[PDB]
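Single chain ahead, by itself, as structure tokens, in the form deposited in one PDB entry.
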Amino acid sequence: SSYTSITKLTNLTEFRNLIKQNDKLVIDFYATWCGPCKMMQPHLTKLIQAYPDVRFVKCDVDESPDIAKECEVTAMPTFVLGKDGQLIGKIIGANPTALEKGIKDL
């Protein structure tokens, strides 16, 4: 799997159910006009392949403003991390090293 093929969240209950069902979760909150989000796509694809025990999903902040708001996202990309049924942390910006460190620690 890759950035292009992962689930794109569209609904708040859907988001809440994913969090509950997944013992390791990464959510890429991005915007389509935002360049650093595009830059992070190849990095995310690599992390998706490298971490098969982590579920990676994505969310367009402009298409799903309720979900972005729930996670207080106003800078993009924001990577939201969940562990054992709850959200635990956030990595803000196109920081591939910080993102891998967070994912590795899940």
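All residue numbers are counted from 1 along the displayed sequence.
The protein also exists as the form deposited with a partner chain bound; that form is not presented, and the subsequent description refers to it.
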Query raised in the report: If you check in the bound PDB entry, is residue 49 within 4.5 Å of its partner chain, heavy atoms only?
Result: no
**Report entry** Residue contact check: residue 34 to its partner chain in the bound PDB entry, 4.5 Å heavy atom
**Finding:** yes
Query raised in the report: Wondering, does residue 44 line up within 4.5 Å of its partner chain in the bound PDB entry on heavy atoms?
Result: no
Requested in this report: Look up in the bound PDB entry whether residue 9 has a non-hydrogen atom within 4.5 angstroms of its partner chain, and give yes or no.
Outcome: no
